[PDB]
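> I'm passing along entry-v3.csv; it holds CSV, C-alpha atoms and all ligand atoms.
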```
chain,number,residue,atom,x,y,z
A,6,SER,CA,0.0,0.0,0.0
A,7,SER,CA,1.9,3.0,1.3
A,8,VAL,CA,5.2,1.1,1.2
A,9,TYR,CA,4.7,0.5,-2.5
A,10,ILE,CA,4.1,4.2,-3.2
A,11,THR,CA,7.1,5.2,-1.1
A,12,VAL,CA,9.5,2.7,-2.8
A,13,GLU,CA,8.2,3.7,-6.3
A,14,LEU,CA,8.8,7.4,-5.5
A,15,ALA,CA,12.3,6.6,-4.2
A,16,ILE,CA,13.1,4.6,-7.3
A,17,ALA,CA,11.8,7.4,-9.5
A,18,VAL,CA,13.9,10.0,-7.7
A,19,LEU,CA,17.0,7.9,-7.8
A,20,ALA,CA,16.6,7.0,-11.5
A,21,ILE,CA,15.9,10.6,-12.5
A,22,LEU,CA,19.0,11.9,-10.6
A,23,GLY,CA,21.4,9.2,-11.8
A,24,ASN,CA,20.3,9.4,-15.5
A,25,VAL,CA,20.4,13.3,-15.5
A,26,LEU,CA,23.9,13.0,-14.1
A,27,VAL,CA,24.8,10.5,-16.9
A,28,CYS,CA,23.5,12.8,-19.6
A,29,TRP,CA,25.1,15.9,-18.2
A,30,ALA,CA,28.4,14.0,-17.9
A,31,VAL,CA,28.3,12.8,-21.5
A,32,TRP,CA,27.4,16.3,-22.8
A,33,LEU,CA,30.0,18.0,-20.7
A,34,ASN,CA,33.0,15.8,-21.6
A,35,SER,CA,34.2,15.6,-25.2
A,36,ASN,CA,36.1,12.3,-24.5
A,37,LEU,CA,32.9,10.6,-23.6
A,38,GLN,CA,31.2,11.8,-26.7
A,39,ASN,CA,31.6,8.6,-28.6
A,40,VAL,CA,29.0,6.7,-30.6
A,41,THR,CA,28.3,4.1,-27.9
A,42,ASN,CA,27.6,7.0,-25.6
A,43,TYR,CA,24.9,8.2,-27.9
A,44,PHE,CA,23.0,4.9,-27.3
A,45,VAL,CA,23.9,5.3,-23.7
A,46,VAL,CA,22.2,8.7,-23.4
A,47,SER,CA,19.3,7.4,-25.4
A,48,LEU,CA,18.9,4.6,-22.8
A,49,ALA,CA,19.4,7.2,-20.1
A,50,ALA,CA,16.6,9.3,-21.6
A,51,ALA,CA,14.4,6.2,-21.6
A,52,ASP,CA,15.2,5.7,-17.9
A,53,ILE,CA,14.5,9.4,-17.2
A,54,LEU,CA,11.0,9.0,-18.6
A,55,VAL,CA,10.5,5.7,-16.8
A,56,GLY,CA,11.2,7.7,-13.6
A,57,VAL,CA,9.3,10.9,-14.4
A,58,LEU,CA,6.2,9.4,-16.0
A,59,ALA,CA,6.0,5.6,-16.0
A,60,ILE,CA,6.3,5.3,-12.2
A,61,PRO,CA,3.5,7.8,-11.4
A,62,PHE,CA,1.4,6.0,-14.1
A,63,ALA,CA,2.0,2.7,-12.3
A,64,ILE,CA,0.9,4.3,-9.0
A,65,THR,CA,-2.3,5.6,-10.7
A,66,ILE,CA,-3.0,2.1,-12.1
A,67,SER,CA,-2.5,0.7,-8.5
A,68,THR,CA,-5.0,3.3,-7.2
A,69,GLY,CA,-7.4,2.2,-9.9
A,70,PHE,CA,-8.5,5.7,-11.1
A,71,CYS,CA,-11.3,5.9,-13.6
A,72,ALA,CA,-10.8,7.5,-17.0
A,73,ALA,CA,-11.5,7.2,-20.7
A,74,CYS,CA,-10.5,4.0,-22.5
A,75,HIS,CA,-7.9,5.7,-24.6
A,76,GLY,CA,-6.4,7.6,-21.7
A,77,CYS,CA,-6.5,4.4,-19.6
A,78,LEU,CA,-4.6,2.5,-22.3
A,79,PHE,CA,-2.0,5.3,-22.5
A,80,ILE,CA,-1.5,5.2,-18.8
A,81,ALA,CA,-1.2,1.4,-18.7
A,82,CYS,CA,1.0,0.9,-21.8
A,83,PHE,CA,3.4,3.9,-21.5
A,84,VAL,CA,5.9,1.7,-19.7
A,85,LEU,CA,6.0,-0.6,-22.7
A,86,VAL,CA,7.3,2.0,-25.1
A,87,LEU,CA,10.2,2.9,-22.8
A,88,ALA,CA,11.0,-0.8,-22.1
A,89,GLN,CA,11.1,-1.5,-25.9
A,90,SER,CA,13.3,1.6,-26.4
A,91,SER,CA,15.7,0.3,-23.8
A,92,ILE,CA,15.7,-3.1,-25.6
A,93,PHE,CA,16.5,-1.4,-28.9
A,94,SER,CA,19.2,0.7,-27.3
A,95,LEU,CA,20.9,-2.3,-25.7
A,96,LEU,CA,20.8,-4.1,-29.0
A,97,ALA,CA,22.4,-1.1,-30.6
A,98,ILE,CA,25.2,-1.1,-28.0
A,99,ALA,CA,25.7,-4.8,-28.5
A,100,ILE,CA,26.0,-4.4,-32.3
A,101,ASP,CA,28.3,-1.4,-31.9
A,102,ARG,CA,30.6,-3.4,-29.6
A,103,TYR,CA,30.6,-6.3,-32.1
A,104,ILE,CA,31.6,-3.9,-34.9
A,105,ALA,CA,34.3,-2.3,-32.7
A,106,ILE,CA,35.9,-5.6,-31.7
A,107,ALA,CA,35.4,-7.9,-34.7
A,108,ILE,CA,36.3,-5.3,-37.3
A,109,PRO,CA,38.1,-2.4,-35.5
A,110,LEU,CA,39.6,-1.0,-38.7
A,111,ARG,CA,36.2,-0.5,-40.4
A,112,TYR,CA,34.4,0.5,-37.2
A,113,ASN,CA,34.9,4.2,-37.9
A,114,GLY,CA,33.7,3.9,-41.5
A,115,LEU,CA,30.7,1.7,-40.7
A,116,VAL,CA,29.7,3.5,-37.5
A,117,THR,CA,29.1,7.2,-37.8
A,118,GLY,CA,27.4,9.8,-35.7
A,119,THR,CA,24.8,10.6,-38.3
A,120,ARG,CA,24.0,6.9,-38.7
A,121,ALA,CA,23.9,6.5,-34.9
A,122,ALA,CA,21.4,9.4,-34.4
A,123,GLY,CA,19.3,8.1,-37.3
A,124,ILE,CA,19.2,4.6,-35.8
A,125,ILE,CA,18.2,6.1,-32.4
A,126,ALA,CA,15.4,8.0,-34.1
A,127,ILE,CA,14.2,4.9,-35.9
A,128,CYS,CA,14.3,2.8,-32.7
A,129,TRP,CA,12.4,5.5,-30.8
A,130,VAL,CA,9.7,5.8,-33.4
A,131,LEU,CA,9.4,2.0,-33.7
A,132,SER,CA,9.2,1.6,-29.9
A,133,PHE,CA,6.3,3.9,-29.6
A,134,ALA,CA,4.4,1.9,-32.3
A,135,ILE,CA,5.1,-1.4,-30.5
A,136,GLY,CA,4.3,-0.2,-26.9
A,137,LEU,CA,1.2,1.8,-27.9
A,138,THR,CA,-0.1,-1.1,-30.1
A,139,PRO,CA,-3.1,-1.7,-27.6
A,140,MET,CA,-4.0,1.9,-28.1
A,141,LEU,CA,-4.8,1.7,-31.8
A,142,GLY,CA,-6.2,-1.9,-31.8
A,143,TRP,CA,-5.7,-5.3,-30.2
A,144,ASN,CA,-7.7,-4.0,-27.2
A,145,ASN,CA,-9.8,-5.6,-24.5
A,146,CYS,CA,-11.8,-2.5,-23.6
A,147,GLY,CA,-15.2,-4.2,-24.0
A,163,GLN,CA,-15.5,5.7,-18.5
A,164,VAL,CA,-13.9,2.3,-18.2
A,165,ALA,CA,-12.1,1.6,-14.9
A,166,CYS,CA,-8.3,1.2,-15.1
A,167,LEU,CA,-6.9,-2.2,-14.4
A,168,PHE,CA,-3.9,-3.6,-16.4
A,169,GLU,CA,-5.5,-7.0,-16.4
A,170,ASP,CA,-8.8,-5.7,-17.9
A,171,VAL,CA,-8.0,-2.9,-20.4
A,172,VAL,CA,-4.7,-4.5,-21.7
A,173,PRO,CA,-5.1,-7.9,-23.3
A,174,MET,CA,-2.9,-10.5,-21.6
A,175,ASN,CA,-2.3,-12.1,-25.1
A,176,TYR,CA,-0.6,-8.9,-26.5
A,177,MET,CA,1.6,-8.8,-23.4
A,178,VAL,CA,2.1,-12.5,-23.3
A,179,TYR,CA,2.8,-13.0,-27.1
A,180,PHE,CA,3.6,-9.7,-28.9
A,181,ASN,CA,5.3,-7.8,-26.1
A,182,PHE,CA,7.3,-10.8,-24.7
A,183,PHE,CA,8.0,-13.6,-27.2
A,184,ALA,CA,8.6,-11.3,-30.2
A,185,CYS,CA,9.5,-7.8,-29.0
A,186,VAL,CA,11.5,-8.8,-25.9
A,187,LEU,CA,12.8,-12.4,-26.0
A,188,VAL,CA,13.9,-12.3,-29.7
A,189,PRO,CA,16.0,-9.1,-29.3
A,190,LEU,CA,17.3,-10.5,-25.9
A,191,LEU,CA,18.4,-13.7,-27.5
A,192,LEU,CA,19.9,-11.8,-30.4
A,193,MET,CA,22.0,-9.6,-28.1
A,194,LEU,CA,23.0,-12.6,-26.0
A,195,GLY,CA,24.3,-14.2,-29.2
A,196,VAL,CA,26.0,-10.9,-30.1
A,197,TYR,CA,27.7,-10.7,-26.7
A,198,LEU,CA,28.9,-14.3,-26.8
A,199,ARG,CA,30.3,-13.6,-30.3
A,200,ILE,CA,32.0,-10.5,-29.0
A,201,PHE,CA,33.8,-12.3,-26.3
A,202,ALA,CA,34.7,-15.2,-28.6
A,203,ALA,CA,36.2,-12.7,-31.1
A,204,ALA,CA,38.1,-11.1,-28.2
A,205,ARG,CA,39.5,-14.5,-27.2
A,206,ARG,CA,40.5,-15.2,-30.8
A,207,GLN,CA,42.1,-11.7,-31.3
A,208,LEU,CA,44.4,-12.5,-28.3
A,317,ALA,CA,47.6,-3.7,-29.4
A,318,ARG,CA,47.0,-5.7,-26.2
A,319,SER,CA,46.2,-2.6,-24.2
A,320,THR,CA,43.7,-1.5,-26.8
A,321,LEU,CA,42.1,-4.9,-26.8
A,322,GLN,CA,41.6,-5.1,-23.1
A,323,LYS,CA,39.9,-1.7,-23.1
A,324,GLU,CA,37.4,-3.1,-25.6
A,325,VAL,CA,36.8,-6.1,-23.4
A,326,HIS,CA,36.5,-3.9,-20.3
A,327,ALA,CA,34.0,-1.8,-22.3
A,328,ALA,CA,32.2,-4.9,-23.6
A,329,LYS,CA,31.9,-6.2,-20.0
A,330,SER,CA,30.5,-2.9,-18.8
A,331,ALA,CA,27.8,-3.0,-21.6
A,332,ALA,CA,27.2,-6.8,-21.0
A,333,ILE,CA,26.4,-6.2,-17.3
A,334,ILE,CA,23.7,-3.5,-17.8
A,335,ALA,CA,22.2,-5.7,-20.5
A,336,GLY,CA,22.1,-8.6,-18.0
A,337,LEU,CA,20.6,-6.5,-15.2
A,338,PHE,CA,17.8,-5.6,-17.7
A,339,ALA,CA,16.9,-9.3,-18.3
A,340,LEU,CA,17.3,-10.0,-14.6
A,341,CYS,CA,14.6,-7.4,-13.6
A,342,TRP,CA,12.1,-7.4,-16.5
A,343,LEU,CA,11.8,-11.2,-17.1
A,344,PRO,CA,10.3,-12.0,-13.6
A,345,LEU,CA,7.3,-9.8,-14.6
A,346,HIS,CA,6.9,-11.4,-18.0
A,347,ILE,CA,7.1,-14.9,-16.5
A,348,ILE,CA,4.5,-14.1,-14.0
A,349,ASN,CA,2.3,-12.7,-16.8
A,350,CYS,CA,2.8,-15.8,-18.8
A,351,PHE,CA,1.8,-18.0,-15.9
A,352,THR,CA,-1.3,-15.9,-15.5
A,353,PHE,CA,-2.2,-16.4,-19.2
A,354,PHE,CA,-1.0,-19.9,-20.0
A,355,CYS,CA,-2.6,-21.4,-16.9
A,356,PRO,CA,-6.0,-19.6,-16.3
A,357,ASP,CA,-7.1,-22.5,-14.1
A,358,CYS,CA,-4.4,-21.8,-11.5
A,359,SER,CA,-5.0,-18.9,-9.1
A,360,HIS,CA,-3.9,-15.5,-10.1
A,361,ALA,CA,-0.5,-14.4,-8.8
A,362,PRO,CA,-0.5,-12.7,-5.4
A,363,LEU,CA,-1.1,-8.9,-5.4
A,364,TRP,CA,2.0,-8.4,-3.2
A,365,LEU,CA,4.0,-10.6,-5.5
A,366,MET,CA,2.7,-8.5,-8.5
A,367,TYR,CA,3.7,-5.3,-6.8
A,368,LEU,CA,7.2,-6.7,-6.0
A,369,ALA,CA,7.6,-7.7,-9.6
A,370,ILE,CA,6.6,-4.2,-10.8
A,371,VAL,CA,9.1,-2.7,-8.3
A,372,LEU,CA,11.8,-5.0,-9.5
A,373,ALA,CA,11.1,-4.1,-13.2
A,374,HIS,CA,11.2,-0.3,-12.4
A,375,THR,CA,14.4,-0.7,-10.3
A,376,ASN,CA,16.4,-1.6,-13.4
A,377,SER,CA,16.2,2.1,-14.5
A,378,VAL,CA,18.1,3.0,-11.3
A,379,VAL,CA,21.1,0.6,-11.5
A,380,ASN,CA,23.0,1.5,-14.6
A,381,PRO,CA,24.3,4.9,-13.6
A,382,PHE,CA,25.9,3.1,-10.7
A,383,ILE,CA,27.4,0.6,-13.1
A,384,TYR,CA,28.8,3.4,-15.3
A,385,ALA,CA,30.3,5.1,-12.3
A,386,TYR,CA,31.8,1.9,-10.8
A,387,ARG,CA,33.3,0.5,-14.0
A,388,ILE,CA,34.3,3.4,-16.2
A,389,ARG,CA,36.9,5.7,-14.8
A,390,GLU,CA,36.0,8.6,-17.1
A,391,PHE,CA,32.4,8.6,-16.0
A,392,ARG,CA,33.4,8.5,-12.4
A,393,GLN,CA,35.8,11.5,-12.9
A,394,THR,CA,33.2,13.6,-14.7
A,395,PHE,CA,30.6,12.7,-12.1
A,396,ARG,CA,33.0,13.9,-9.4
A,397,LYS,CA,33.5,17.1,-11.4
A,398,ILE,CA,29.8,17.6,-11.7
A,399,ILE,CA,29.3,16.7,-8.0
B,1,LIG,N1,0.2,-8.4,-15.3
B,1,LIG,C1,0.4,-7.2,-14.9
B,1,LIG,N2,-0.4,-6.7,-14.0
B,1,LIG,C2,-0.1,-5.4,-13.6
B,1,LIG,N3,-0.9,-4.9,-12.6
B,1,LIG,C3,-2.1,-5.7,-12.1
B,1,LIG,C4,-1.9,-6.0,-10.7
B,1,LIG,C5,-3.0,-7.0,-10.2
B,1,LIG,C6,-2.8,-8.4,-10.4
B,1,LIG,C7,-3.8,-9.3,-10.0
B,1,LIG,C8,-4.9,-8.8,-9.4
B,1,LIG,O1,-5.9,-9.7,-9.0
B,1,LIG,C9,-5.2,-7.5,-9.3
B,1,LIG,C10,-4.2,-6.6,-9.7
B,1,LIG,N4,0.8,-4.6,-14.1
B,1,LIG,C11,1.6,-5.2,-15.0
B,1,LIG,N5,2.6,-4.6,-15.7
B,1,LIG,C12,3.0,-5.6,-16.5
B,1,LIG,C13,4.1,-5.5,-17.5
B,1,LIG,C14,4.9,-4.4,-17.8
B,1,LIG,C15,5.8,-4.8,-18.8
B,1,LIG,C16,5.5,-6.2,-19.0
B,1,LIG,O2,4.5,-6.6,-18.2
B,1,LIG,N6,2.3,-6.7,-16.4
B,1,LIG,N7,1.4,-6.4,-15.5
```
Could you rewrite the structure in this file as structure tokens?

Amino acid sequence: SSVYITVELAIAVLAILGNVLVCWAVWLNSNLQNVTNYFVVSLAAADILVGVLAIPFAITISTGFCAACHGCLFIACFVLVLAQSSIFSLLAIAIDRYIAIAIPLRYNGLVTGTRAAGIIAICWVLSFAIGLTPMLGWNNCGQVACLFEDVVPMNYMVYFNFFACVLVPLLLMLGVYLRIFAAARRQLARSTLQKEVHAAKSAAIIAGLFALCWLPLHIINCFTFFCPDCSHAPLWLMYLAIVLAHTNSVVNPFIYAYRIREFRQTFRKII
């Protein structure tokens, strides 16, 4: 009840602060202004919105406020566009690291700032289409009361959101990271190579923390759908899963500060 609201507010504040610090650090320092950091600040902007908007939206869904069907769908499905945007950003970082390690010579030619920003724009406009899919159609609406179970079809969340828009990119980026580390093993000039591995491990960890926090919620949703006969998951368990999913937005500034020395130095300069 009140504990859920307090923890959601704390998570929102921490995520907003950390990701604003990350964006300010990237913008302030020319050394950090790489291509991978463009995807990093895209994911940081996704986390910022998760903190500013998605968490209050989840609180409102918890309170069960009444509103119009379209507004209710926007409230319920806003988190999905940000989660998909984060998926696309992590996939972009994985592909960028694969290009940087497997073919370092042609990395500059293949990977350019204009291409990076274009790819970010395409990923952000595709994520909104995927996450807001229940808004246009594929809806279970029939002032409708707001419940994520009611106004959002489980099948869209259990098939389209999870098996296709989440699991497939997650498996692709898993394969990409395993290929990255296999190529790093084959390639072993030594100081430059260990920086790429240290940079690949930094990226591989935030990608893991994402799958660690978001998949519990999706597995609970699948158990709700694939086994209707079994009792619905506990409400406290549901709130805990939501809290775990929203806590992923908080973690990765800490990972950046802990692993990357440049990020820590520019954070200290800002702080
Ligand atoms: N299944 C589900 N439920 C909720 N909230 C409903 C909480 C609830 C659950 C059971 C009940 O009897 C009454 C209320 N939020 C949810 N968010 C998500 C989600 C976000 C991203 C992927 O799944 N799934 N999800």
> Hey, which of A:200, A:364, A:121, A:166 ends up closest to residue A:63? Count all atoms listed in the file.
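Under the stated criterion, the closest residue is A:166.
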> List every protein, DNA or RNA residue that has an atom no more than 9 Å from (0.6, -11.2, -16.2) in the file's coordinate frame, counting all atoms listed in the file, and report them as a PyMOL selection string.
chain A and resi 168-169+174+177-178+345-353+360-361+366
> Could you jot down the atom CA of residue A:100 to atom CA of residue A:119 separation for me, Å, one decimal place?
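We find that atom CA of residue A:100 and atom CA of residue A:119 lie 16.2 Å from each other.
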> Between A:94, A:67, A:163, A:319, which is the closest to ligand LIG 1 (chain B) once you count only C-alpha atoms and all ligand atoms?
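The answer is A:67, which sits nearest to ligand LIG 1 (chain B).
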> What does the distance from atom CA of residue A:368 to atom CA of residue A:164 come to in Å, to one decimal?
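Separating atom CA of residue A:368 from atom CA of residue A:164 is a distance of 26.0 Å.
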> Give me, please, the distance in Å between atom CA of residue A:8 and atom CA of residue A:383, quoted to one decimal.
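Distance reported for this atom pair: 26.4 Å.
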> Which residues are close to residue A:145, i.e. within 10 Å by only C-alpha atoms, leaving aside same-chain residues fewer than 3 positions away? Reply as number ranges by chain.
A: 74, 78, 139, 142, 169-176
> Dump as a list in words all residues having an atom at most 7 Å from (13.1, 7.9, -14.7), computed in the file's coordinates with all atoms listed in the file.
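Residues close enough to count: residues 17, 20, 21, 52, 53, 54, 55, 56, 57 and 377 of chain A.
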> Which residue out of A:357, A:324, A:390, A:101 has the minimum interatomic distance to residue A:118 when all atoms listed in the file are used?
A:101
> Counting only C-alpha atoms, which residue out of A:15, A:192, A:85, A:73 sits closest to residue A:137?
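Among A:15, A:192, A:85, A:73, it is A:85 that comes nearest to residue A:137.
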